[PDB]
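To begin, one chain is listed below as structure tokens, in the form deposited in one PDB entry.
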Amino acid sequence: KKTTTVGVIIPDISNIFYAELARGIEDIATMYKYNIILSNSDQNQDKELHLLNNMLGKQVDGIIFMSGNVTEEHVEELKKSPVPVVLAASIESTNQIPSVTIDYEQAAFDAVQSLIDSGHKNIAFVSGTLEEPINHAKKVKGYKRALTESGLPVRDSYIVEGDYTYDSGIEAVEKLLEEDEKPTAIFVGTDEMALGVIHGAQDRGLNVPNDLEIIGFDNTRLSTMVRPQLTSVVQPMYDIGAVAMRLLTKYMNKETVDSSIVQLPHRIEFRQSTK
């Protein structure tokens, strides 16, 4: 009888993928007939860790926690949690907290592989804050794997760190176009920077995809809000939401989880940003 309420925390208002996913979670939650409280942490552990105390105080029965750096410190406070909490689209390398994500490493590799097969030999990578695991530990690595496996060179200058803003993407293409030999394809860590990559390349006079093929990531709304429409790695937001809910529900009902660390499949939605 007691209406169940789940807490959802996203790292920020910037990266629209998180917000969209939160929305995806809320959707699935509505059918369970659950309540949803959404908090924003601006990715500073403190607020994240306190939110874990603001969510209980606000009597939520469970939490879907999103984050770009679930440090071992997080893990500790987490395990101690009163209410069940599971991660959504967040790597937590120790595998000690229930989580559901896609295999980012494979996504990145498939994406660049995609371009290898198009005939590109020197492909650059514009990523997000390197300090975050999804980047330095998965996306950078799936990118490098793709190149080295195809016997391509791995230049340091071909991997540029941005800060998830559309502007960082622009500056990223400029730095890259100031390179000895330019890249013919650039894989970008998220759609918004990607949109910035397209644009900067388009303002310098380059044509997408005829001169520079670009693939983005997350497959957010921005994906189809550009010309040429952005082909992008798909991280199935509803799959994430659904799995995370049954998982969290099982927990709330004090059931058992045979698979606590679930990894959902991924695909690449191909559009006009690639030949």
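Residue numbers run from 1 along the displayed sequence. For the two forms, the rigid core is made up of the largest set of C-alpha atoms that agree within 1.5 Å on superposition.
The following text describes the form deposited in another entry, which does not appear among the structures shown.
When the rigid core is held fixed, the Cα atom of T224 travels less than 2 angstroms between the shown form and the other one. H74: CA moves 2 Å or more between the shown form and the other one after rigid-core fitting.
With the core superposed, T148 shows a C-alpha displacement below 2 Å between the shown form and the other one.
Pairwise change in that other deposited form: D46 and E192 C-alpha atoms lie closer than in the shown form, at least 3 Å.
In summary, the C-alpha positions of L49 and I134 diverge in that other deposited form, ending up at least 3 angstroms farther from each other than in this conformation.
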